[PDB]
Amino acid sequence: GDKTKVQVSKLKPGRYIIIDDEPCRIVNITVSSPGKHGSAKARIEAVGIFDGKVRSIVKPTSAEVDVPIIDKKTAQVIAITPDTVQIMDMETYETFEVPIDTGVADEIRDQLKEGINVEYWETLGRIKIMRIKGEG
């Protein structure tokens, strides 16, 4: 759920990276021509899982970058507002509320109804509702 450091050379598209405190899905990794020593620089493009903003960074392939650790959990939608959604872990009674535009996957943005169970991802203290259980 927190973060960790990982060598740039080990990063892979589809995995994640933290750029400006924003957890982002890596969408492109370009490694330049290696120098006389074999060393190379990589340019990584990543998309914020929350703000959807595309960010790019350049690092020596031997360098380390911060990556977010994601936990997948289940909870139930207990309230829907014009601009937000609140879910609850029925057993622990914890509640999580987020804006629909940044805290819910585009795919299900308008498929949420109260009473349904969803799979949400959690990292860096924030959550993102990713899918509906039973799928629908």
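So that there is no doubt, residue numbering starts at 1 and follows the sequence shown.
As recorded in the PDB entry, 109-117 is the stretch of 109-117 and 8-16 with the greater mean C-alpha temperature factor.
Between 58-66 and 33-41, the higher mean Cα B-factor belongs to 33-41. Per the PDB record, residue ranking by Cα B-factor puts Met130 in the middle third of the chain. Sort the modelled residues of the chain by CA B factor and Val85 lands in the lowest third. In the deposited entry, the Cα temperature factor of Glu91 sits in the bottom third of values across the chain's modelled residues. Sort the chain's modelled residues by C-alpha temperature factor and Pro99 lands in the middle third, per the entry.
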